[PDB]
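Visitor:
There are 4 protein chains.
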Amino acid sequence: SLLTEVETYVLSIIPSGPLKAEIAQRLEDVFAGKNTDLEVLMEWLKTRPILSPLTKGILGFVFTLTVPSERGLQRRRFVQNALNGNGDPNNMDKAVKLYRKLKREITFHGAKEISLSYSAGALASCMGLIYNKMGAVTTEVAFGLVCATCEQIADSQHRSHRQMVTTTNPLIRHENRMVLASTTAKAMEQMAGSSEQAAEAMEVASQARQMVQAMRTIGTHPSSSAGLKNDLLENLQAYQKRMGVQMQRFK
Amino acid sequence: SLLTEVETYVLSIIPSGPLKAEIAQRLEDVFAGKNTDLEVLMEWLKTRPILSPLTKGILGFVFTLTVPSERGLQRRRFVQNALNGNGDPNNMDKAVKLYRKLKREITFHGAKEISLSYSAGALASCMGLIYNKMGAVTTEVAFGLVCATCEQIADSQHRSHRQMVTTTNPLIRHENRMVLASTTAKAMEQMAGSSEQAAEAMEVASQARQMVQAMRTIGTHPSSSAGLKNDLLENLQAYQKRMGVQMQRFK
Amino acid sequence: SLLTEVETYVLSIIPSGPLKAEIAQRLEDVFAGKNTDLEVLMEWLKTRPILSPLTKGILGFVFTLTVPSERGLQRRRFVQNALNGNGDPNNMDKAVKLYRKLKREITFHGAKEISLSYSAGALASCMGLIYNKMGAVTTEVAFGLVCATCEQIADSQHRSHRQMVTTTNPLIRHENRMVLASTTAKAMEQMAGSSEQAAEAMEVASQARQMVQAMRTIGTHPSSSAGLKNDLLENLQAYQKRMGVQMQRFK
Amino acid sequence: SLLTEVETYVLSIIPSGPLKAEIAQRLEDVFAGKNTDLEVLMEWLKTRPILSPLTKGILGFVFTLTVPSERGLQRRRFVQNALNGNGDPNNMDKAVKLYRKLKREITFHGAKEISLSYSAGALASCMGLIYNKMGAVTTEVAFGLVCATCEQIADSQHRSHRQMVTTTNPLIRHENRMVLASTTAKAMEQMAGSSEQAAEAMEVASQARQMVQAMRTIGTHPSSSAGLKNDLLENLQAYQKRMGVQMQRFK
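Residue numbers (the UniProt record's numbering), protein chains in the order written: chain E, 2 to 252; chain V, 2 to 252; chain L, 2 to 252; chain R, 2 to 252.
1) Going by CA-CA distance only, name the one from V:206, V:227, V:202, V:233 that's closest to residue 217 (chain V).
2) Show which residues of chain E have a CB atom less than 7 Å away from the CB atom of residue 85 (chain R).
3) Report back the beta-carbon spacing between residue 113 (chain V) and residue 145 (chain V) to the nearest angstrom; my notes put them in contact at under 8 Å.
4) Taking residue 89 (chain V) as part of the alpha helix (DSSP H), name the residues at either end of that continuous run.
5) For a contact meaning CB atoms closer than 7 Å, what does residue 104 (chain V) contact in chain L?
6) Comparing C-alpha positions only, which one of R:2, R:130, R:88 sits nearest to residue 99 (chain R)?
7) Does DSSP classify residue 80 (chain V) as helix, strand or coil?
8) Output yes if chain L places a C-beta closer than 8 Å to the C-beta of residue 72 (chain V); else output no.
9) Among the candidates R:212, R:252, R:207, R:119, whose CA atom is the shortest distance from the CA of residue 103 (chain R)?
10) Rounding to the nearest angstrom, what Cα-Cα distance links residue 177 (chain R) and residue 238 (chain R) in this structure?
11) Measuring from the CB of residue 66 (chain V), is there a heavy atom of the ligand HEM at a distance below 7 Å?
12) According to DSSP, is residue 97 (chain V) helix, strand or coil?
13) For a cutoff of 8 Å on Cβ pairs, would you count residue 97 (chain E) as touching chain R?
14) Name the residues in the region 21-42 of chain L whose C-beta lies less than 8 Å from a C-beta of chain R; which are they?
15) Apply the 10 Å Cβ neighbour rule to residue 229 (chain R) and answer buried if 16 or more other Cβ atoms are within range, or exposed otherwise.
16) When the Cα atoms are used, what is the spatial distance from residue 200 (chain R) to residue 49 (chain R)?
17) Quick test of your reading: residue 134 (chain R) and residue 82 (chain E), contact by CB under 8 Å. State the CB separation rounded to the nearest angstrom.
18) Is there a C-beta anywhere in chain V that falls below 8 Å from the one on residue 232 (chain E)?
19) Comparing alpha-carbon positions, which option in V:219, V:147, V:165 lies nearest residue 84 (chain V)?
20) Considering Cα atoms alone, identify which of L:225, L:214, L:245, L:235 is closest to residue 202 (chain L).
21) Cβ of residue 93 (chain V) less than 8 Å from any chain L Cβ?
22) In whole angstroms, give me the CA-to-CA distance for residue 185 (chain R) and residue 168 (chain R).
23) How about residue 139 (chain E) and residue 107 (chain E): are their beta carbons less than 8 Å apart?
24) Count the other CB atoms, across all protein chains shown, that sit within 10 Å of the CB of residue 53 (chain L); report buried if there are 16 or more and exposed otherwise.
25) To the nearest angstrom, how far is the alpha carbon of residue 89 (chain V) from that of residue 105 (chain L)?
26) Candidates R:101, R:86, R:91, R:43: which alpha carbon is nearest residue 91 (chain L)'s?
27) Does the structure place the region 204-224 of chain E close enough to the region 8-18 of chain V that three or more beta carbon pairs sit under 8 Å?
28) Residue 205 (chain R) and residue 243 (chain R) - do their beta-carbons sit closer together than 8 Å?
29) If we ignore side chains and look at the alpha-carbon of each, how far apart do residue 43 (chain V) and residue 182 (chain V) end up?
30) If we ignore side chains and look at the alpha-carbon of each, how far apart do residue 11 (chain L) and residue 59 (chain R) end up?
31) Taking residue 86 (chain L) as the reference, give the member of L:57, L:123, L:20, L:208 with the closest Cα.
32) When the distance is taken between beta carbons, is residue 194 (chain L) closer than 8 Å to residue 251 (chain L)?
33) Find the residues of chain L that neighbour residue 129 (chain V), judging by a C-beta separation of less than 7 Å, and give them in chain order.
34) Kindly indicate which three-state DSSP category residue 154 (chain R) falls into: helix, strand or coil?
35) For residue 101 (chain R), decide whether its Cβ has a neighbour in chain E, counting only Cβ atoms nearer than 8 Å.
Structure follows, in structure tokens:
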């Protein structure tokens, strides 16, 4: 069940969207013996616009571990660029210290357990060593290094959400609502359901998007109005809930 | 959800107006794989008249992080001019001290958390290093530096409002009302609704604008009248509330 | 006479060859009011194959200081890449410490005198700050920073020669002779004199080149022969002197 | 004159033979602006049978530094395999310690001077970091790392010769002569001169080769004869000198 456990950590860091569905479907193919040619897979991976270079690096890295027949594959540049760890010497010293301990393990958990003791920076650098063949560790350990990195990123992915919503600055909190509404509105428009709900869903989605932009145009500063900041948010709250129920309707 | 979190901080600092709607719509295109050519985007960004040079710098900076294929892009001058941090040596020393710590992180939150410990001046200088390629940090960290700067500006954006309205000097407080009314009146006139309310909204907006200028002409100094300062504000207060309700009518 | 003094230091680091003649002739044009368009100049500079990226950086940097009308020029990428100082934080801290002192000077010598007290690494980073507009110093000081860098490189250019020829390892010393002969032979062939000496010079040059490669093919290891290592060098010594006198014949 | 100094160190380690002539001629093309396509060059380099993997690695490494336009090149597998330093953690720790110091230098000599203080093992590993983009140092420093490695190998190349010829074991010393004669005989046969000396040179070369194999067949052990070990070497000594003079005859 290692292939399932790694798939949890890897897919956690990827942002939600059509790519996440496409990436996960790709992971199943290469985790189920349906391995397509690596080059066309990675070439498709490279062109993806939304993924961050670091996140794009891990997905490229994980594919290489599955495909057999080394010495005939190709080490993609963007993976090396992403995983290089900024070329820092100080953190890369920790990476070697990690890689010393990883070489002695063969169990996936043993790699993950020791790896999480080190900073998120070192794992990216150390994970570069395995990809570049500078080091060499068994496949089970290498995933244990990926999950330690993916868990570290995934932890900060969640910790950022907790800090952003509980922020005390009112200005961004208002700004958080409009962009959040726009993103939720964007979610329906891009996913056009087969049923007639797509037309209705697009309308309500376009309604919020057409209205949120007007809300930004008026603004919500205390000095930009005389109490209009209050009622402006209220319509958004209704619109957010209006879009909230709309999601499960086509479900 | 990093692309949403950065979009909150970036759009917070931009002043409300038609540009804010246009800028945010642009951010969605470059955060959703609809990346237009960078040069035409930044060229449009440069010509924008209302944005401050520093605020214009961050928006230019954020776009560069998304677009791939370095060595073939172009480093715009105005970004460097805005982000140079006034060429101070003292604050730029802090920026390097920051950049030393940022290089070791890969998590967005880790960059943001450490960055906020430093003065707003250093972040502008340090954020210059990443843009100029003097330094090099992973994309997730770099946004973590932007949000630290955007949060710092956004905090002072709000803190200025609190200090301005609670100011004890009566002269500016009266002056605050007329300019506030003019801005609110200006908001409707520029946003011409499709409904017939645009004609009526323009009339009431022009009424306040035509009357606020007369109010300035008479003045409101204690020595410029013999109690007319009192009733002059009262009509503004009605006009402000009259325009206040008028906003949600076309909503 | 500043323009002459800087031209000494800048041209010292460039390796000898046709490019050095072309570069110096270009420096005269931009140091004598014959300033060609910067972009076509730097574009020609970029394509040069022999110059190292760092050395190519300084020549690009020096041209920018001469051309007037900032805000309308363009900051070339390769200059930033070369002058970034590897993005190290530690040496860049020294660069700011330098840049603090340079800002207070206006004399060219004052900049050069203080600059040489710092390691060659910092000057490259600090010299990046001036080019990127992160800092701002008067033109006379900026050349004083270039000459400090050029002098530092030029010093190590000479110090390498002293260490290479006085090396105790016999194997490279023999190898030094063949490559040295090939380079000297290459010097005549590329510079085709207008007189008939070009044909004769090419013949003797091709003679050494045709014979030095045979010398490498046989080798000169003590275990690759039984005393042939001795007489093999002797013919080279004659050939080197034969080419030595041949140089001043077309002079 | 950096391109000449590096060419000395690089060509020293390569064993003598037709490849050494071909490799050096290739180095001139890529050190003189005649840069052929990298891929066809490295592909030809990969197929070379005589070069050791480590020595083949350096030649592949040096070419990559010259060719411009990164992000569009390709990192060859065999270079990474050769330069990985056996994936040891202990020596790779030294490599990072080296790479920390190299990042702060820009002078070629400065890189070479500090690099030679470290064991030959670390330089191979550290030189791997630059090729893999794990690190990043200026081109002048990187050659300074290569020459430190090439010098270290070249020093041991010579030190092995001193120890082999001065060995006290008589059995290998006799064996040294036959193989040395065979190699010298092989040198003429492969290099077929244009003059008629090729036929005569082949005959005398085949004479020694035809006779050295007979000498091995009889053997030269003290227990394999009753004094024939003495006169058997004498004919070789004449044959070695006979081939010794024959070399400069076609010269």
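Backbone N, C-alpha and C fix where the C-beta goes; we use that ideal spot for every residue, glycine too.
Guide: Well, looking at it:
1) Per the Cα distances, V:233.
2) Neighbours of residue 85 (chain R) across chain E, judged by C-beta separation under 7 Å: 134, 135.
3) Between residue 145 (chain V) and residue 113 (chain V) the Cβ distance is about 4 Å, and since that is below 8 Å, they are a contact.
4) Bounds of any alpha helix (DSSP H) do not take in residue 89 (chain V), whose DSSP letter is neither H nor E.
5) Residue 104 (chain V) reaches chain L at 90, counting residues in chain order whose Cβ is nearer than 7 Å.
6) Nearest C-alpha to residue 99 (chain R) among R:2, R:130, R:88: R:130.
7) DSSP, read as helix, strand or coil, puts residue 80 (chain V) in helix.
8) When Cβ-Cβ separations below 8 Å define contact, residue 72 (chain V) makes contact with chain L.
9) Measuring from the Cα of residue 103 (chain R), the nearest candidate turns out to be R:119.
10) So the two alpha carbons sit approximately 12 Å from each other.
11) Only the bare structure without any ligand can be found here, which leaves the ligand HEM out of the picture.
12) In the displayed model, residue 97 (chain V) falls within a helix according to three-state DSSP.
13) Yes, contact with chain R.
14) From the region 21-42 of chain L, no residue has a Cβ closer than 8 Å to chain R.
15) Exposed, by the Cβ-count rule.
16) C-alpha separation (whole angstroms): 28 Å.
17) Their Cβ separation, rounded to whole angstroms, is 6 Å, which keeps residue 134 (chain R) and residue 82 (chain E) in contact under 8 Å.
18) Output row for residue 232 (chain E): interface = yes.
19) Nearest of V:219, V:147, V:165 to residue 84 (chain V), Cα basis: V:147.
20) The option with the nearest alpha carbon to residue 202 (chain L) is L:245.
21) Yes, residue 93 (chain V) lies at the interface with chain L (some Cβ there is under 8 Å from its Cβ).
22) For residue 185 (chain R) and residue 168 (chain R), the gap between their C-alpha atoms comes out near 21 Å.
23) Yes, these two residues count as a Cβ contact at 8 Å.
24) Burial is judged here by how many other beta carbons sit within 10 angstroms of a residue's own beta carbon; residue 53 (chain L) has at least 16 and is buried.
25) The straight-line gap from Cα to Cα measures roughly 12 Å.
26) With respect to the C-alpha of residue 91 (chain L), the residue from R:101, R:86, R:91, R:43 having the closest C-alpha is R:101.
27) At 8 Å Cβ cutoff, the stretches touch.
28) With respect to the 8 Å criterion, residue 243 (chain R) and residue 205 (chain R) are classified as neighbours on the basis of their beta carbons.
29) Rounded to the nearest whole angstrom, the C-alpha separation of residue 43 (chain V) and residue 182 (chain V) is 34 Å.
30) One C-alpha to the other measures close to 31 Å.
31) The option with the nearest alpha carbon to residue 86 (chain L) is L:123.
32) Their beta carbons are under 8 Å apart, which means residue 251 (chain L) touches residue 194 (chain L) by this criterion.
33) 135, listed in chain order.
34) Correct three-state label for residue 154 (chain R): helix.
35) Answer yes: the Cβ-Cβ gap between residue 101 (chain R) and chain E drops below 8 Å somewhere.
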